[PDB]
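**Q** Below: the sequence, then the experimentally determined structure.
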Amino acid sequence: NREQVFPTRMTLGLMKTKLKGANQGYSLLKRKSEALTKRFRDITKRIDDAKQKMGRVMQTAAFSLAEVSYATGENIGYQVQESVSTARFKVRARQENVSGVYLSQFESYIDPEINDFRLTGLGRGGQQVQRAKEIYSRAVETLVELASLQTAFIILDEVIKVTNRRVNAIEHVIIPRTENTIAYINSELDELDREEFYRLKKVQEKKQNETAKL
Amino acid sequence: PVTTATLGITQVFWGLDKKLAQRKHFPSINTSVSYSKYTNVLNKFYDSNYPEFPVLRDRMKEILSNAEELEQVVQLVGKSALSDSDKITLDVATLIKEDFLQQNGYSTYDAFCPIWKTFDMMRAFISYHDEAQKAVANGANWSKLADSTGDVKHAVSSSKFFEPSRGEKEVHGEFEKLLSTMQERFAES
Amino acid sequence: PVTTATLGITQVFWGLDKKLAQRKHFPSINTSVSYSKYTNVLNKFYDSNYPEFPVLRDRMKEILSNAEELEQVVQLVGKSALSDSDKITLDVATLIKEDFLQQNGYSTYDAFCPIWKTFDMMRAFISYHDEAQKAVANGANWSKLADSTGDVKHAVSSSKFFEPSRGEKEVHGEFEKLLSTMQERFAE
Amino acid sequence: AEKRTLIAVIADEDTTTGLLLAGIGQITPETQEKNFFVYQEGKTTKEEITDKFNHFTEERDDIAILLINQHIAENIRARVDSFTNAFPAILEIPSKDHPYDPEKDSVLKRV
């Protein structure tokens, strides 16, 4: 229930400083948890909105792809799979510092080396294929933003969990153990002071008796 | 001052913890602070009678110390981050503290646990820990492994009830079958 | 009680730092607990010889105190989100602790750091801190700025190695050249 | 991490074709691996889909964002739940004639 520290005048001061530091850390960590939790509710609302928007965009892109396939008269899936040597779109992670944490946010990019699509050799419906490709690229950008927000959500949830765990651990173990150690050290110092007082009282009584005899 | 002087003069320190005195964990010997300076000089008797006894007690001390450190970690940072080996260490140390170390002094079975029964019990607990560690190192998930080998774990936890009045031979026969029934169950899972 | 009485009756008190002594940082003099009540009367000598010296030592103490507070907060909260100026203060005070306050009494270069050399080193350190703060306030990222000005940081850290045997003119001349490259190298 | 720079698509044939047209996926010739592997309910099996998802999440370290169809994720719900790691991200994009289910979303379940 308390730290096994040998009582001392310096040890009492060191443990009082440790208690003050633990209280300060507990207050600052609670403030950090509160701020991160406010950002967490904001991120959850953004995730819900982005999920709805991504569903709508995916439905629109599916409709556009179906229209393009109908115009072309055949499935362009085989051609797309054949022309999959390199990816025109790439995502580079960016370590944005949101509040106290540094949760990463993905950033999309376009590579023009293999930017050519499967429009050639599709037979017909080149304009429809281009429109479907543009819609799919827009939906991919929206999904990349949603995935970046999702990763930020996961990282922020982990950081909030560990921060609240540390806050509860401090407030329920470190502060009580340090306070009990302070009380025990103060009690032991009081006992030592009482022993010294009693020894000095014996010395004084002996001196008084000797003076009375002489 | 009396305690400090007695610790200075004596050679064996059976420190009792009131935390274990409560919750009826007797004997309440505090394994952390307790020591015995006759461990080394008893090596002759142990080599004569029970050669593996010092090795088993060293292994039990290592398990208990590792679990004490892991529990000090867990009480602050939760038990989720632990590895499967740490899970095994904590589980087997709880088993040791609840079955082997704790000995009810007013029950017929554990009123007097002689040296041969104690040695066989150490063999059982250490072999259970080693089998769990080996089976998890082979790749088994510890949760499913414990669910499967709960029978062996409870057989080890029930080793206390082997009455020493049955005799050295009869009790040793019951412990020999315990180890054989332990390896097969862990091999099966 | 003897230390308490001495604190009551004395005018200067150089305080032992247990933390600095455990890291074998010599001299292990606690900056927070120590004091010197002779600065007010020694202001006359400082104005006579080295006019800007007291301002520089107050700046150094301010930097060390701010870094102590920020280091406590860093130990508390992991230093995940630190302002650029706060990182500048921490780095500058770590440099000050490692190079200026710390000196090998048995080393030939730092056996006896004269008052003029100490003033020049303080000029160098405070100018480095001020230049870094101004550069970051202009908008430069601290990480890239430190990567670029590692040469200047090494120069000020190695300024303690300037042998005082070369004389006041030679040592102070090199410090002025070191101070000159401070502004030129911090332009980028 | 900076090494993970790719888009993973394990959705239906139409969604995979759309992602390929947008340029999300790629097939590495040197590594003989495709970032976007076409897989449907009829194609392969649930175990094969789960193995491919696990390879994309762990073996394919270049993959940073994974797009999995809701129908595909329905049979790989256990794998999606087990993939609690933040990187790579997992998104339950709806497939053709399969509307997105908020309940079936792994991250939305954590909410």
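**A** Looks like it arrived, so ask away. Numbers count the residues shown, from 1 in each chain, chains lettered A, B, ... in the order given.

**Q** the helices in chain B, which residues?
**A** Taking DSSP state H as the criterion, chain B carries its helices at B:2-9, B:18-21, B:43-49, B:53-77, B:84-95, B:115-137, B:142-148, B:150-157, B:168-188.

**Q** excluding its backbone neighbours, what's nearest residue 57?
**A** Picked chain A for this. In this structure, residue A:57 finds its nearest non-sequential neighbour in residue A:139, 4.6 Å apart by Cβ to Cβ, 6 or more residues apart in numbering or on different chains. Every C-beta, even on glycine, is put in place using the N, C-alpha and C of the backbone.

**Q** Actually, chain D is the one I wanted.
**A** Counting by Cβ to Cβ, 6+ apart, residue D:83 is the residue found nearest to residue D:57 once chain neighbours are left out, at 5.4 Å.

**Q** Pull the number of nearby residues for the closest residue to chain D within chain A.
**A** As assessed by Cβ to the nearest Cβ, chain D sits closest to residue A:88 within chain A, at 2.8 Å. The local packing of residue A:88 (other Cβ atoms under 10 Å in any protein chain shown) involves 23 other residues.

**Q** In contact with it, which residues?
**A** Neighbour list for residue A:88: A:110, A:111, A:112, A:114, A:115, A:117, D:22, D:23 [criterion: Cβ atoms under 8 Å, 6 or more residues apart in numbering or on different chains].

**Q** on that earlier part again, so the residue nearest to residue D:57 sits against residue D:90, correct?
**A** Yes: in this structure, residue D:83 is within contact of residue D:90 by Cβ atoms under 8 Å, at 5.9 Å.

**Q** More neighbours: which of the two?
**A** Neighbour totals were compared for residue D:83 and residue D:90, and residue D:90 leads with 28 against 19 (other Cβ under 10 Å).

**Q** Which residues are in contact with that one?
**A** Residue D:90 neighbours (Cβ under 8 Å, 6+ apart): A:150, D:57, D:66, D:68, D:80, D:83, D:106, D:107.

**Q** what does whatever helix or strand the third one lives in rub up against?
**A** Following DSSP states H and E, one finds residue D:66 within strand D:65-69. The list of residues contacting strand D:65-69 from outside it, by Cβ under 8 Å, 6+ apart, reads A:91, A:106, A:143-144, A:147, D:6-12, D:15, D:19, D:24, D:53, D:56-57, D:76, D:80, D:88-95, D:98.

**Q** go on, stretch B:151-168?
**A** For stretch B:151-168, using Cβ under 8 Å, 6+ apart, the contacting residues are B:95, B:98-100, B:103, B:108-110, B:112-114, B:116-117, B:120-121, B:124-125, B:128, B:146, B:171, B:174-175, B:178, B:181-182, B:185-186.

**Q** Stretch A:105-121: which residues count as buried?
**A** A:105, A:106, A:108, A:117, A:118, A:119 (16 or more other Cβ atoms under 10 Å in any protein chain shown).

**Q** Looking at those residues, which is nearest chain C?
**A** residue A:105 (15.4 Å).

**Q** Report the separation between residue A:186 and residue B:16.
**A** 26 Å (Cβ to Cβ, to the nearest Å).

**Q** next one: residue D:105
**A** Taking Cβ to Cβ, one finds residue D:105 at 56 Å from residue B:16.

**Q** From the centre of chain D, point out the most distant residue.
**A** residue D:30 (22.0 Å; Cα atoms, centre = their mean).

**Q** helix or strand for that residue, which one?
**A** Assignment of secondary structure by DSSP H and E places residue D:30 within no helix or strand.

**Q** distance of it from residue A:89?
**A** 20 Å.

**Q** go on, residue B:86?
**A** In terms of Cβ to Cβ, residue B:86 sits 43 Å off from residue A:89.

**Q** And the two? Which one has more around it.
**A** Each of residue B:86 and residue A:89 has its neighbours counted (other Cβ under 10 Å); residue A:89 has more, 22 against 18.

**Q** residues in contact with that one?
**A** A:108, A:109, A:110, A:111, A:137, A:140, D:7, D:22, D:23, D:24.

**Q** quick one: the fourth one and residue A:85 touch, right?
**A** What it means is residue A:111. No: counting by Cβ under 8 Å, residue A:111 stays clear of residue A:85, with 11.9 Å between them.

**Q** looking at chain A, which residue lies furthest from center?
**A** residue A:214 (80.5 Å).

**Q** any idea how far residue A:207 is from that residue?
**A** Residue A:214 is 11 Å from residue A:207, by Cβ to Cβ.

**Q** One more: residue A:158?
**A** Counting by Cβ to Cβ, the separation of residue A:158 from residue A:207 is 70 Å.

**Q** Pick out whichever of these two has more residues nearby.
**A** More neighbours surround residue A:158 than the other of residue A:158 and residue A:207, with 14 against 10 (other Cβ under 10 Å).

**Q** Settle this for me: the more buried one is touching residue D:86, isn't it.
**A** Yes: Residue A:158 lies in contact with residue D:86 (Cβ under 8 Å); the separation is 7.4 Å.

**Q** Can you name the residue of chain A nearest to chain C?
**A** Closest point on chain A to chain C, by Cβ to the nearest Cβ, is residue A:25, at 3.9 Å.

**Q** Show me what from chain B comes close to chain C.
**A** Nowhere does chain B come near chain C, counting by Cβ under 8 Å from any Cβ of the partner chain.

**Q** Backbone dihedrals for the residue of chain B found nearest chain D, please?
**A** Closest to chain D within chain B is residue B:80: 11.2 Å, counting by Cβ to the nearest Cβ. Here the main-chain torsion angles of residue B:80 (degrees, to the nearest 10) amount to phi -70, psi -40.

**Q** and residue 180, how many neighbours does it have?
**A** Since you didn't name a chain, this refers to chain A. 13.

**Q** Chain B, not that one
**A** By other Cβ under 10 Å, 10 other residues sit near residue B:180.

**Q** residue contacts, the residue nearest to the spatial centre of chain B?
**A** The centroid of chain B falls nearest to residue B:96 when counting by Cα atoms, centre = their mean (3.4 Å). Residue B:96 sits next to B:60, B:63, B:64, B:125 when contact means Cβ under 8 Å, 6+ apart.
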